[PDB]
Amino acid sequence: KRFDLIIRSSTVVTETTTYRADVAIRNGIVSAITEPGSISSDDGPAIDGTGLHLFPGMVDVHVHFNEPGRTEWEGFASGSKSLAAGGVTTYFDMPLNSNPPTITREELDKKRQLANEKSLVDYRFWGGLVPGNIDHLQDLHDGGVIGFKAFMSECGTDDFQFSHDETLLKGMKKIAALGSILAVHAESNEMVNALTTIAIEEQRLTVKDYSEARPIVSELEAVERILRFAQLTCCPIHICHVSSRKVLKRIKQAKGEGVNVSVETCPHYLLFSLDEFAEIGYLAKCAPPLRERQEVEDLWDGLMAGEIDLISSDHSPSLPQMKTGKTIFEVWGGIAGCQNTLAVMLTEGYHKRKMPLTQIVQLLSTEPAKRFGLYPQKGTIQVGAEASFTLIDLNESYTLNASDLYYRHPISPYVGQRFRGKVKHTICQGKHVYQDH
């Protein structure tokens, strides 16, 4: 026992390269990387990783585990259980649906302790920016939040209020002075509910109608607005779940001009179109809505061309009764998918569309860690860095069924999907945290 654990016989895949090696863990950090078989068989406990690929532990910057207050939607226990099954070793819990929201330093501390008790993998926390809490932002940053999250349009439960233009500007001035970053749900509030009201009036209750009631142009307006505020405030900004390449091109234009902006998408915008929205029905309702097939196809072209900074789940679960309603406008929208993010990426990106695995690491691990100041500690397989990684058999086929899910409620639009590439092991900070079977 010279080392606490050793991964044997794998291919290490990184954000830039692949190579065969043994990786030796000591006190939760990587101690030694060696040529295959170089370390004595009597020098520590070993995971047999022959025929498997070792990715760095995925960093998911967008989850809603909803504990406390709406703990019965997910919880820190089942939430972090799901992530380990999907190869995720670090997650950033969003400040909302959690009730009260993570609005103050006190409300953070209560969430912090429930994560310290129930979470299987490592955690960080989003602070909340709402109309009231401009004095609380300083305190939240001292509480150690990785960033802040405001909403540009009304969403879900109305105890987390969306920010009007005055709130956004005052918060950003403070957040920039804090040396932090603000994430936004960029939809255009008044375009959204004006078009929704029209759609409910006219009995147009299809999946396409929902998509057009919160259209791409609405995403473009809110993105354009927030970029301009960012330019004034010099506040680093992150744009959550973009559905369309049209929006990515506008962010590219801003990046070229000098704006400190990142942009994410989510794997359901990569997997499902309006056709799949129709057939799955209510489980595939999200904000922003799913778009047409042409639009999904163009979004992959954006990803391939480096127009997306990172991928995150936007794991947004609810009580199974909330997913049933009158029509598409009645259903509480959001996708339960954080266990399957790596799976769809590997399946549709690597096997189907021939994206390199190096870019899967970059998008789901490395850039999430860089953008929030956790690099090279996280997002890497290197000497000195945190020993958080995941072993994947890249060629293992499986139909996902509800029995596989570790979500508090096993219901998903990904149920009945055929994947290829299965996580077999997940190691978080030295601790053997998940094994298949």
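A residue's number is simply how far along the shown sequence it sits, counting from 1.
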Tell me which stretch has the larger mean Cα B-factor in this entry, 84 to 92 or 322 to 330.
322 to 330
If you average the CA temperature factors over each stretch, which comes out higher, 193 to 201 or 156 to 164?
156 to 164
Per the PDB entry, maximal CA B factor within 221, 307, 122, 117
117
Return the residue from 244, 347, 113, 188 that has the highest Cα B-factor in the entry.
113
Within this chain's modelled residues, let me know which third the CA B factor of residue 400 belongs to: lowest, middle or highest.
middle
Compare the C-alpha B factor of residue 236 with those of the other modelled residues in its chain, then answer lowest, middle or highest third.
middle
By the entry's values, the third containing the CA B factor of residue 30 is the lowest
For residue 74, return the chain-relative third of its C-alpha B-factor as stated in the PDB record: lowest, middle or highest.
lowest
Entry-reported Cα temperature factor of residue 182, expressed as the chain third it lands in:
highest
